[PDB]
Amino acid sequence: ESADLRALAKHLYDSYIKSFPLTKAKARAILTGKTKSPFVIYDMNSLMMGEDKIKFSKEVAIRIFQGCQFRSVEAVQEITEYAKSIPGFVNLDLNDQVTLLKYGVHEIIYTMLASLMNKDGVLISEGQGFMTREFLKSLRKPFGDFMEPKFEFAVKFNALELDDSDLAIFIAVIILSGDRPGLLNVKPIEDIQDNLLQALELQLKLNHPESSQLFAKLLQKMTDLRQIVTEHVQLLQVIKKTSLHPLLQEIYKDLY
Ligand SMILES: C=CCc1ccc(O)c(-c2cc(CC=C)ccc2O)c1
Ligand SMILES: C=CCc1ccc(O)c(-c2cc(CC=C)ccc2O)c1
């Protein structure tokens, strides 16, 4: 029983390493200076210098919004390739595969975003850049309101000190939520998640002797993430009153 759960964990970790360009391990090493330093964007001048220097003519707030929008669409492709590696996922009905992805990707994006963040800012362009929390806040309304709730989540989430092995299972649990609207076959999804949760619980016990509360804390974080997405899509709704990506538009119309 436990041997199969450890096999699941390893399979997910190996797939995780394949699917995502920058792991938390590599991100924290860059953030602590335990490695070539990223270009720091902290004001308008450094933003322009960063755009020329970093290998990635409109209004600054819009330019940053567009780049982040396009990074989000790349993120969903990465998550989709990871999802297909989760044992049993591809055996699900295709309509349920896409439904789980649509309702789940943004929760996963903000989960993994936390790996790139500290209290001072966020790693961008696969660790080549570092954009400060206060610079993002200084952007004109309502663009300055986007990242702050993510930073707020990240500092609390990062205090849990999860590693890539923990996160691989955590994100798999989130993708396979049987309570997403419009699901055709709930039972096979619940079966997979129950096994992933067992694997998660075992992983946390072995990997984190310093805390017996982690599993419960992580369940709490899963509900918190749903609130972050809801806040994000509502802030996206008021921007309809100020070039939105069509793929994201399709995801949002289900989320509204
Ligand atoms: C790794 C994915 C990239 C990612 C992650 C979280 C995010 O909140 C955003 C994001 C940021 C802004 C703020 C810029 C003005 C606007 C829209 C967004 O979608 C992008
Ligand atoms: C001017 C910079 C706008 C810009 C352009 C391309 C990018 O990929 C990103 C980027 C954004 C986040 C989310 C944090 C805000 C994470 C990773 C990234 O790489 C940002």
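Read the numbers this way: they start at 1 and go in the same order the structure lists the ligands and their atoms. Heads up: numbering here begins at 1 and tracks the sequence. FYI, side chains are in, hydrogens and waters are out, and symmetry mates aren't considered; it's all heavy atoms of this structure.
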Please check if any side-chain donor atom of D43 sits under 3.5 Å from a side-chain acceptor atom of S46, or the reverse. yes
Under 4.0 Å between heavy atoms, the region of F70 that gets near ligand 2 turns out to be neither
Check your understanding: Does a donor on one side chain and an acceptor on the other come within less than 3.5 Å for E190 and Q193?
Key -> no
Here the atoms of ligand 1 under 4.0 Å from any heavy atom belonging to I109 are 2 (C), 5 (C)
- Is there any N or O on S125 that sits under 3.5 Å from an N or O of ligand 2? yes
min-distance protein heavy atom vs atom 8 (O) of ligand 1 -> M147 SD, 3.2 Å
Of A75, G144, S72, the residue with the heavy atom nearest atom 4 (C) of ligand 1 is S72
shortest atom 9 (C) of ligand 1-to-protein heavy-atom contact is with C68 CB, 3.9 Å
Honestly, for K150 the part within reach of ligand 1 (heavy atoms, under 4.0 Å) is side chain
Test side-chain contact (heavy atoms from CB on, under 4.5 Å), reference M147, set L139, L136, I64, output is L136
| message | Once you measure the plane-to-plane angle for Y16 and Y13, does it fall in the parallel (<30°), tilted (30-60°) or perpendicular (>60°) bin? | response | parallel
The atoms of ligand 1 lying under 4.0 Å from a heavy atom of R71, numbered in the order shown, are 1 (C), 2 (C), 3 (C)
Residues 72-103 vs ring-ring contact (aromatic ring centres under 6.0 Å, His included), sequence neighbours excluded, gives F20-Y82
Numbered in order shown, the ligand 1 atoms found under 4.0 Å of a heavy atom of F65 are 14 (C), 15 (C), 16 (C), 17 (C)
Nearest non-hydrogen protein atom to atom 13 (C) of ligand 1, with distance, is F146 CB, 3.7 Å
Would a line drawn from the ring center of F56 to the ring center of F70 be shorter than 6.0 Å?
-> no
Exercise. Among the heavy atoms of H232, does any lie under 4.0 Å from an atom of ligand 1?
Worked result: yes
Residues passing the side chain to side chain donor-acceptor pair (under 3.5 Å) test with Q213, sequence neighbours excluded, are none
Practice item. Indicate the ring-plane relationship of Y252 and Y256, choosing parallel, tilted or perpendicular according to the 30° and 60° boundaries. Key: tilted
